[PDB]
Amino acid sequence: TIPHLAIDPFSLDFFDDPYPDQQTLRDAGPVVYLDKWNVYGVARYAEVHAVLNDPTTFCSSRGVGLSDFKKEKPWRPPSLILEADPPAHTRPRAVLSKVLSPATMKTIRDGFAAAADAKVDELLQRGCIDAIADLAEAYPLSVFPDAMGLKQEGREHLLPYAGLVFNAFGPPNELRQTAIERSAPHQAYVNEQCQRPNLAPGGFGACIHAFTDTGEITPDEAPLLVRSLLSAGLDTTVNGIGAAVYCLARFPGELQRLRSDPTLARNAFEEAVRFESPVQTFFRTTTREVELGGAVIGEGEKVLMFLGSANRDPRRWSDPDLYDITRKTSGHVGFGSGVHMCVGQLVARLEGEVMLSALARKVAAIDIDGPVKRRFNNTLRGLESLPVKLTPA
Ligand code: MH0
Ligand SMILES: CCCCc1ccc(C(=O)O)cc1
Ligand SMILES: [Cl-]
């Protein structure tokens with residue numbers, strides 16, 4: 001009654017061109033079974049959205065990766081927010097919400113925007129750049145580690161530690177095993193910067209530690225909460241900004257509309273998050289037998305959500321394969337949905353907005369002038385190299 005497919009969604013063939021296989025998964029039915037890894041899969045918008053908004057049935061405490069924490073030891077201590085269900089999740093989420101709050105964005109907006117404008121000026125003087133290393137990576141590295149309050153030395157561990165966290169959500173393929181086999185130096189760096197003494201005052205990390213007085217989190221919880229932001233806060237925005245530049249390179253008609261109204265910068269980024277979905281997939285675990293779209297799913301089973309596929313489901317979106325910077329993007333699941341919805345989305349949207357704003361005002365054309373290279377990750381989608389030529393406005 002549930003179709004069985006042999007598609008491996010964690011194979012290099014799938015990462016290269018996931019959209020044909022994603023249509024196959026959507027059209028096979030609301031719920032499929034993935035024989036390769038012995039998990040259920042949901043790829044339409046309706047079921048992906050329903051799983052995300054039923055945290056009691058589809059829990060996160062047994063892991064949001066393939067590994068089931070009731071069966072295998074986690075490779076690192078589980079996240080206190082990402083891999084926690086209510087009520088345990090509520091207090092750490094509230095703290096992170098207040099740290100990354102609307103009121104907090106007012107404190108950083110001018111600095112984030114100025115660094116965005118400075119970087120575009122620096123790239124325009126170079127002309128032929130790599131939009132990944134020189135922009136998608138360079139810009140967030142110049143604002144987020146400082147916003148975190150991190151020291152200057154050692155920041156080369158941040159992106160490797162991030163790509164390790166997102167590879168480790170996947171199955172035990174070579175991508176995951178090769179990452180974990182090199183983890184120790186990055187884990188040691190990250191775990192040290194989470195201690196209150198090593199975080200500059202006024203930064204995100206210090207603010208989390210200051211929330212131990214309220215009774216929302218204890219002092220021993222604060223280091224793992226800083227770890228969350230160092231795990232989720234950098235590589236996702238890199239891939240998001242990378243995707244936006246990619247989209248503007250592939251759809252010059254949208255760059256022209258953006259140039260003619262730079263207030264579209266925020267929705268241009270949001271649409272790139274829908275269109276590319278930097279976070280492609282992750283898992284939930286069923287706490288009971290549950291009927292999902294006419295198919296019953298036993299207790300203790302892993303359910304794989306295709307977030308990128310749900311952001312391109314024609315049953316929910318009009319012309320989903322088109323990059324449209326004036327689309328009503330509200331309702332996309334690129335930031336998740338429900339109680340776990342990305343608590344750092346204001347930081348991501350801010351970085352994306354001010355960077356697309358800088359490009360909208362300073363750049364007249366973005367032309368790909370070199371081999372594009374994809375970066376392969378079990379959970380992240382994005383580019384390794386994007387050779388582009390920037391033409392000043
Ligand atoms: C500064 C911090 C920060 C930034 C920036 C950030 C940027 C991004 N993120 Fe995202 N992310 C951050 C910190 C988190 C946390 C701590 C959590 C876990 C929240 C919870 O309650 O479990 C999270 N993000 C949760 C999520 C989830 C939902 C996970 C789940 O349901 O299990 C998604 C899909 C996500 N993110 C995507 C993205 C994308 C896409 C971007 C950027 C374009
Ligand atoms: C399922 C991946 C969502 C992004 C993410 C990664 C890590 C954390 C964390 O370390 O808590 C949170 C969210
Ligand atoms: Cl770690």
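One-based numbering, in listed order, for ligands and for the atoms of each. Heads up: numbering here begins at 1 and tracks the sequence.
Considering backbone and side-chain atoms together, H89 places an N or O closer than 3.5 Å to an N or O of ligand 1. Not one N or O of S228 is nearer than 3.5 Å to an N or O of ligand 1, by distance alone.
Which parts of ligand 1 touch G334 is read off a 4.0 Å heavy-atom cut-off, strictly below it: atoms 34 (C), 37 (C), 40 (C). The contact set between ligand 1 and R93, taken as ligand atoms under 4.0 Å from a residue heavy atom, comprises 19 (C), 20 (C), 21 (O).
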Between the protein and ligand 2, which nitrogen or oxygen pairs come in under 3.5 Å, and how far apart is each?
residue  : atom   : partner : partner atom : Å
ligand 2 : 10 (O) : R76     : NH2          : 3.2
ligand 2 : 11 (O) : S79     : OG           : 2.7
ligand 2 : 11 (O) : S228    : OG           : 3.1

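Of all protein heavy atoms, the one lying nearest to atom 18 (C) of ligand 1 is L82 CD1, 4.0 Å. For atom 31 (O) of ligand 1, the closest non-hydrogen atom of the protein is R284 NH2, 2.7 Å. Nearest non-hydrogen protein atom to atom 22 (O) of ligand 1 is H340 ND1, 2.6 Å. Counting protein heavy atoms only, atom 1 (C) of ligand 1 is closest to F144 CE1, 3.6 Å.
For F204, no heavy-atom contact with ligand 1 is shorter than 4.0 Å. The proximity of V339 to ligand 1, defined as any non-hydrogen pair under 4.0 Å, is limited to the backbone. Contacts with ligand 1 closer than 4.0 Å are made by no heavy atom of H332, backbone or side chain.
In the model, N198 has a side-chain atom that pairs as donor or acceptor with a side-chain atom of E192 under 3.5 Å.
The count of protein N, O or S atoms under 2.8 Å from atom 10 (Fe) of ligand 1 stands at 1, with waters excluded from the count.
Below 30°, between 30° and 60°, or above 60°: for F10 and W37 the angle between ring planes is above 60°, a perpendicular geometry.
Side-chain rings of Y45 and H49 approach one another, their centers coming within less than 6.0 Å.
For the residue pair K362 and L124, the shortest heavy atom distance occurs at O-CD1, 3.5 Å.
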